[PDB]
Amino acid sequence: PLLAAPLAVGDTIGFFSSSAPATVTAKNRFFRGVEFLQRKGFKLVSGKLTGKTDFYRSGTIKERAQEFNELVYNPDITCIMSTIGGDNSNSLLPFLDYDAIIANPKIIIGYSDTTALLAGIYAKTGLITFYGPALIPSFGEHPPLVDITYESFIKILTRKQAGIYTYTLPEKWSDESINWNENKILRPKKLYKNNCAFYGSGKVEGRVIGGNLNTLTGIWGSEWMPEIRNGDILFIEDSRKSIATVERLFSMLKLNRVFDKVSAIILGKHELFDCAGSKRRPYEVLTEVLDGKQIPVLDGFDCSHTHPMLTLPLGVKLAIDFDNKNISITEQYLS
């Protein structure tokens, strides 16, 4: 695979808005995120669409593509980070400079709608990109949860590429929809004990592929959707969806013969899942869809829209030990 150079404290991070114009609509949280990373010692370069609005998006399809490409062209930038997701990253794909990405591999990081770019770039270049923090939702989060997000971010991206890396489970998490863009807090978010579960036995090792499942529908069937292969570990997460939508997306995968190929599935914690009164969780819906297929599932991995968020390289081998209840990166993912 194509590998980017590791991050170092003091490096320059460039940020871009490939969909929702949250540098404007969530300006307070945006500034918190900027200040957070600056205090850590990072230099920040604002993408050219920072502070701009085109109603539901940051700008035209071509302007958003240009914003991203310009960060690729900047020789000082080691990490290109999404500001926030939305709905519209997939529009950029015909216009991204994939040859420039190959010529100067950088850490590309984000989540949610940005999956379209992460998966698309991987499909075209083989670059190992990262499912992880976006500037506004992830680093604009108040302490204490932002600190755990940052610890994963910095650990994954700066560590020496010697031996496997085994994730540490966050002790507590939240998906509560408070303290978004308000300047100060009335109270901290409700914290829940980590209910991450390992359904299965033995050890499974395979290339991890996926991201935000709903977002993947926007690139599905195209040359920008990376082929899922025999032995892959499927990583999928969604946010604020109805159980109806979750069934639809799981069945889409079934129809595409995805469950005949995967060695394991990782379900990210689903932010504010709406079970429509059924009290059913996404795993139960998956079980029905699977129709008896014995695929081991890591249910509730902290790499999703919930806080805190771990950083995950996409397109490299992971090992999930279902007996010992841990997950590791086993393949080099930075140069």
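Counting begins at 1, following the sequence as shown.
> Mean CA B-factor: is it higher for 108-116 or for 141-149?
Averaged over C-alpha atoms, the B-factors run higher in 141-149.
> Please compare 271-279 with 60-68 and name the stretch with the higher mean C-alpha B-factor in the deposited structure.
The entry gives the higher C-alpha B-factor average to 271-279.
> Looking at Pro226, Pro94, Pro75, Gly132, which has the highest Cα B-factor in the entry?
That would be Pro75.
> Among the candidates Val262, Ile84, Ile128, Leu191, give the one with the maximum CA B-factor reported in the record.
Within the set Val262, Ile84, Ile128, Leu191, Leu191 shows the top C-alpha B-factor.
> Looking at the entry's B-factor column for C-alpha atoms only, identify whether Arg207 ranks in the lowest, middle or highest third of its chain.
Lowest third - that is where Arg207 ends up once the chain's C-alpha B-factors are sorted.
> What third of its chain's C-alpha B-factors does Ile101 belong to: lowest, middle or highest?
It falls in the middle third of the chain.
> Using only modelled residues of the chain, where does the Cα B factor of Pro313 rank: lowest third, middle third or highest third?
For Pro313, whose C-alpha B-factor we compare with every modelled residue in the chain, the answer is the lowest third.
> Split the chain's modelled residues into thirds by Cα B-factor; is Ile219 in the lowest, middle or highest one?
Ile219: CA B-factor falls in the lowest third of its chain.
> By the recorded C-alpha temperature factor, relative to the other modelled residues in its chain, which third is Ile154 in?
It belongs to the middle third of the chain when residues are ordered by C-alpha B-factor.
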